[PDB]
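Participant: One structure coming up, written as structure tokens, with questions to follow.
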Amino acid sequence: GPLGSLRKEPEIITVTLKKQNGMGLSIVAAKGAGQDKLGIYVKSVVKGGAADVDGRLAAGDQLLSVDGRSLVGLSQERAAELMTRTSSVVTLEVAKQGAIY
């Protein structure tokens, strides 16, 4: 769908993968049996990827889009596929609900 929603602190998160291996990030969500668009939200981090390695990623990283591909209602299947061939560089837009001031 359409990208951009709120300002938030993060919004546009980008980090050079190829770090310890991947992004070692555990997402939580899907798409179906609802509005055909489930809100993507990180449940945790593999604690072994640029994500948990960038000391920023963790449970609470709603990705509105990934590599241009909207994630604001994607399925772990597709989302994962997108996050798969991310390359040594991952450029996705994440947002929070409210924390750290």
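By convention here, the chains of the structure tokens are called A, B, ... in the order presented, each chain's residues are numbered starting at 1, and ligands are numbered starting at 1 in the order presented.
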Name the residues in contact with stretch 81-86 of chain A at a cut-off of 9 Å, using only C-alpha atoms, excluding same-chain residues fewer than 5 positions from it; report them as a list in words.
Facilitator: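 Everything that qualifies: residues 17, 22, 23, 66, 67, 69, 76 and 91 of chain A.
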Participant: If you run DSSP on this backbone, which residues of chain A come out as strand (DSSP E), and could you give them as a ChimeraX atom specification?
Facilitator: /A:11-15,25-28,41-45,62-66,69-70,90-95
Participant: Emit the selected residues as a short mmCIF file (atom, residue, chain, number, x, y, z; two decimals), in the first residue's frame, including N, CA and C atoms.
Facilitator:
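Output file selection-v2.cif is given in full below:
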```
data_model
loop_
_atom_site.label_atom_id
_atom_site.label_comp_id
_atom_site.auth_asym_id
_atom_site.auth_seq_id
_atom_site.Cartn_x
_atom_site.Cartn_y
_atom_site.Cartn_z
N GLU A 11 11.08 5.35 12.12
CA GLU A 11 10.44 5.54 10.83
C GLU A 11 11.23 4.83 9.74
N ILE A 12 12.37 5.41 9.39
CA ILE A 12 13.22 4.83 8.36
C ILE A 12 14.46 4.22 9.01
N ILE A 13 14.46 2.89 9.07
CA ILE A 13 15.58 2.17 9.66
C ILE A 13 16.37 1.48 8.55
N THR A 14 17.68 1.72 8.57
CA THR A 14 18.56 1.12 7.58
C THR A 14 19.92 0.79 8.20
N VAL A 15 20.38 -0.42 7.93
CA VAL A 15 21.65 -0.87 8.46
C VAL A 15 22.28 -1.87 7.48
N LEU A 25 16.36 -11.12 13.53
CA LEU A 25 15.21 -10.42 14.09
C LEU A 25 13.97 -11.31 13.97
N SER A 26 13.25 -11.41 15.08
CA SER A 26 12.05 -12.22 15.12
C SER A 26 10.81 -11.33 14.97
N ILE A 27 10.15 -11.47 13.84
CA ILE A 27 8.95 -10.69 13.56
C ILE A 27 7.73 -11.42 14.12
N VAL A 28 6.62 -10.70 14.17
CA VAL A 28 5.38 -11.27 14.68
C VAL A 28 4.20 -10.59 13.98
N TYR A 41 4.87 -6.59 13.57
CA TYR A 41 5.49 -6.16 14.82
C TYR A 41 6.53 -7.18 15.29
N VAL A 42 7.73 -6.68 15.55
CA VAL A 42 8.81 -7.53 16.01
C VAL A 42 8.48 -8.07 17.40
N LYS A 43 8.59 -9.38 17.53
CA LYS A 43 8.30 -10.03 18.80
C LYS A 43 9.59 -10.13 19.62
N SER A 44 10.70 -10.30 18.91
CA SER A 44 11.99 -10.41 19.56
C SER A 44 13.11 -10.33 18.52
N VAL A 45 14.31 -10.65 18.97
CA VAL A 45 15.47 -10.63 18.09
C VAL A 45 16.30 -11.89 18.31
N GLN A 62 7.55 -2.18 14.14
CA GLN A 62 6.54 -2.29 13.10
C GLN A 62 7.08 -1.74 11.77
N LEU A 63 7.32 -2.66 10.84
CA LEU A 63 7.83 -2.28 9.54
C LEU A 63 6.67 -1.96 8.60
N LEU A 64 6.62 -0.71 8.17
CA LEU A 64 5.57 -0.27 7.27
C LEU A 64 5.91 -0.69 5.84
N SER A 65 7.20 -0.89 5.61
CA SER A 65 7.67 -1.29 4.30
C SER A 65 9.09 -1.84 4.39
N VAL A 66 9.46 -2.64 3.40
CA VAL A 66 10.78 -3.23 3.37
C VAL A 66 11.28 -3.27 1.92
N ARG A 69 8.97 -2.55 -0.65
CA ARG A 69 7.78 -3.38 -0.52
C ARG A 69 7.09 -3.12 0.82
N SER A 70 5.85 -2.65 0.72
CA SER A 70 5.07 -2.35 1.91
C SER A 70 4.96 -3.60 2.79
N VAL A 90 20.11 -3.46 4.42
CA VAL A 90 18.68 -3.58 4.65
C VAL A 90 18.09 -2.19 4.88
N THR A 91 17.17 -1.81 4.00
CA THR A 91 16.53 -0.51 4.10
C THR A 91 15.01 -0.68 4.20
N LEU A 92 14.53 -0.62 5.43
CA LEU A 92 13.10 -0.76 5.68
C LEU A 92 12.65 0.35 6.64
N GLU A 93 11.35 0.60 6.62
CA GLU A 93 10.77 1.62 7.48
C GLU A 93 10.04 0.98 8.66
N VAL A 94 10.52 1.29 9.85
CA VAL A 94 9.92 0.75 11.06
C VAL A 94 9.38 1.90 11.91
N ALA A 95 8.49 1.55 12.82
CA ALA A 95 7.89 2.54 13.70
C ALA A 95 7.50 1.88 15.03
#
```
Participant: Residues at most 7 Å from residue A:24, counting only C-alpha atoms, excluding those fewer than 5 positions away in the same chain, as a ChimeraX atom specification?
Facilitator: /A:45-52
Participant: Quick one: residues within 9 Å of residue A:74, only C-alpha atoms counted, chain neighbours fewer than 3 positions away excluded, as a list in words?
Facilitator: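 Result of the neighbour search: residues 29, 30, 31, 32, 36, 37, 38, 39, 40, 65, 70, 71, 77, 78 and 79 of chain A.
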Participant: How about saving the chosen residues, N, CA and C atoms kept, as a short mmCIF file (atom, residue, chain, number, x, y, z; two decimals), in the first residue's frame?
Facilitator:
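Dumped everything to part-v3.cif:
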```cif
data_model
loop_
_atom_site.label_atom_id
_atom_site.label_comp_id
_atom_site.auth_asym_id
_atom_site.auth_seq_id
_atom_site.Cartn_x
_atom_site.Cartn_y
_atom_site.Cartn_z
N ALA A 29 3.50 -11.37 13.17
CA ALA A 29 2.35 -10.86 12.45
C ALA A 29 2.07 -11.77 11.24
N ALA A 30 1.23 -11.27 10.35
CA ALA A 30 0.87 -12.02 9.16
C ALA A 30 -0.06 -11.17 8.29
N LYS A 31 -0.98 -11.85 7.63
CA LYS A 31 -1.94 -11.18 6.76
C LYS A 31 -2.98 -12.19 6.28
N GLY A 32 -4.19 -12.04 6.81
CA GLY A 32 -5.28 -12.93 6.45
C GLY A 32 -6.21 -13.18 7.64
N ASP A 36 -6.95 -8.58 5.63
CA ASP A 36 -5.98 -8.86 4.58
C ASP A 36 -4.79 -7.91 4.72
N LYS A 37 -4.40 -7.69 5.96
CA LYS A 37 -3.28 -6.81 6.25
C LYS A 37 -3.07 -6.73 7.76
N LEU A 38 -2.22 -7.61 8.26
CA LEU A 38 -1.93 -7.64 9.69
C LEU A 38 -0.75 -6.72 9.98
N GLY A 39 -0.84 -6.04 11.12
CA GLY A 39 0.22 -5.12 11.52
C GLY A 39 1.48 -5.89 11.92
N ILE A 40 2.54 -5.65 11.17
CA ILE A 40 3.81 -6.31 11.43
C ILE A 40 4.44 -5.71 12.69
N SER A 65 7.20 -0.89 5.61
CA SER A 65 7.67 -1.29 4.30
C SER A 65 9.09 -1.84 4.39
N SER A 70 5.85 -2.65 0.72
CA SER A 70 5.07 -2.35 1.91
C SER A 70 4.96 -3.60 2.79
N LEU A 71 5.10 -3.38 4.09
CA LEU A 71 5.02 -4.47 5.04
C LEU A 71 3.89 -4.19 6.04
N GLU A 77 5.49 -14.89 5.51
CA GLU A 77 5.97 -15.61 4.34
C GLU A 77 6.65 -14.66 3.36
N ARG A 78 5.88 -13.68 2.91
CA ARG A 78 6.39 -12.69 1.97
C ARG A 78 7.40 -11.78 2.66
N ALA A 79 7.00 -11.26 3.82
CA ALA A 79 7.86 -10.38 4.58
C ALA A 79 9.23 -11.03 4.76
#
```
Participant: Enumerate as JSON, numbers by chain all residues of stretch 4-97 of chain A assigned to alpha helix (DSSP H) by DSSP on the backbone, naming them with the chain letters and numbers the document uses.
Facilitator: {"A": [50, 51, 52, 53, 76, 77, 78, 79, 80, 81, 82, 83, 84]}
Participant: Expressed in Å to a single decimal, how great is the separation between atom CA of residue A:59 and atom CA of residue A:99?
Facilitator: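 Taking atom CA of residue A:59 and atom CA of residue A:99, their separation equals 12.0 Å.
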